[PDB]
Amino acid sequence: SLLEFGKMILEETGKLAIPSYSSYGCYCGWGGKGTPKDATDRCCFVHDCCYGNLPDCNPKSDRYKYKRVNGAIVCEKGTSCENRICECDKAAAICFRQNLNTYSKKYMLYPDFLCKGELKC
């Protein structure tokens, strides 16, 4: 679920998902167009694609379980959708961690009109 993803994001990064990642660039928290602004935004682009891979799942609301094994996220077995949603979220949270070094606040609240063009998953 979105709340679980937000908790994972905070755990990884130390940033609150709202506001740090909910309106960032072209693809985070919202959006389907544009060239991603930076690596963090590309995490979001890929995450959006990952959810798009799951048209008969409900990633915003369906809950999954995960644990940590020496820091590492391990998604525990639930339904098929839950497992796949968890793997999408895990990847994005790791990606955000891997790209903190370039996170930029100037991309929070990024205006929609600066995001144009489709980029295929």
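All residue numbers are counted from 1 along the displayed sequence. C-alpha atoms forming the largest set that superposes within 1.5 Å between two forms make up the rigid core.
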| query | finding |
| --- | --- |
| Higher-deviation stretch (C-alpha RMS, rigid core fit) in 7 other deposited structures of this protein, choosing from 73-81 and 25-33 | 25-33 |
| Farther-lying stretch by C-alpha RMS in 7 other deposited structures of this protein (rigid core fit) among 109-117, 12-20 | 109-117 |
| Of 32-40 and 75-83, the one with larger mean CA B-factor | 32-40 |
| Stretch exceeding the other in mean C-alpha B-factor - 62-70, 92-100 | 62-70 |
| Within-chain third of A17 by Cα B-factor, per the entry | middle |
| CA B-factor ranking of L54, expressed as a third of its chain | highest |
